[PDB]
Structures are given as structure tokens and as C-alpha cells.
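In the block that follows, a single chain appears as C-alpha cells, in the form solved without the DNA.
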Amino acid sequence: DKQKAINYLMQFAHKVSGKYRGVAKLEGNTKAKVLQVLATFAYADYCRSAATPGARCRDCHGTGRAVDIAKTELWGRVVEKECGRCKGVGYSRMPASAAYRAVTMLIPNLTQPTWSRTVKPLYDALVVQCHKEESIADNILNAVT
């Protein structure tokens, strides 16, 4: 069930919600609903971009990152750098306005520039979180062992 995936993304949203002031201070019920909406639109945004030619950078597949070979070897652990191809952008940011409208149903006083600064970053963190997940699983499935 994809609800399981959206809910898992929602659990993550709740964990990092403290970093975003637009959500960190909401009443419990409202916060839960807002995170549910962000998780639901972010996931749909991820899915669409992955199945749509050109919607994701073809080098990083949405993460906007690449492995720094030298540093990974130096530090004995995976060290990442920006993906040059998309300059770290990874996916289109246009789908976010639909999510903004949905969130305004819950926080009616929220303006777009305020959402942009205090809530949207959480939305984007959830979208890239999905790309990163896919990438890690990819690395795992195709590891020359």
C-alpha cells in the first residue's frame, strides 16, 4: 500500500519538523494534518518526477548529489559533492504550489513567501528524501560486492 510509504515519509517529517519554524510551533492536531499533506504531495511529486522523462537530472536522479571519489577514499566513508549536471537542483520545484494551496486549507493565514521560508524547506526535504532513498537502495542492489 502506498499509504505505508506516505506514512513512513510522514514519520520522518515529524522527526525533523523542529528545524522548520513554520511547523515546529503548531498545535498537535494541526501539525499532524499539515505533515500528512506535505508527505502526501511530496511523495506524489517524487513518483511523478521519477516516471517522467526529463523531470529528474539523469546523473543524480533527483538527489542533486554525487560521490566525491577522492574524499570517500580518504575518509573511509561515503563523501558527497554537488551534482554538476543539475548544479544540485535534482528535481523541478513547480509542483510545490499545489502543496502550498493544500497547506493553506489548514493554515489559512499562511502567505506564499512565508511558506517559502518557513514551511516549503520541509516539503523539499521530504521530496529529496525520497530520491535519496531510491539512490541508496540502488547503490545497495548494484554493489559490486
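In case it trips you up, residue 1 is the first one in the sequence shown, and so on.
The stretch 94-102 shows the higher mean C-alpha B-factor when 32-40 is compared against 94-102 in the entry. Higher mean CA temperature factor between 46-54 and 74-82: 74-82, per the PDB entry.
The deposited CA B-factor of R117 belongs to the middle third of values across its chain. Among all modelled residues in this chain, the alpha-carbon of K132 has a temperature factor (C-alpha) in the lowest third.
Not on display, but discussed next: the form solved in complex with the DNA.
Although the partner is absent here, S97 lies within 4.5 Å of the DNA in the bound PDB entry, judged by heavy atoms. In the bound PDB entry, none of the heavy atoms of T104 sits within 4.5 Å of a heavy atom of the DNA. The DNA is not shown here, and in the bound PDB entry it never comes within 4.5 Å of any heavy atom of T52. Among heavy atoms of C47, none comes within 4.5 Å of the DNA in the bound PDB entry.
By the 4.5 Å heavy atom rule, the three marked residues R65, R85 and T118 all count as contacting the DNA in the bound PDB entry.
Contact residues in stretch 91-116 (any heavy atom within 4.5 Å of the DNA, taken in the bound PDB entry) are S92, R93, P95, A96, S97, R101, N109, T111, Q112, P113, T114, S116.
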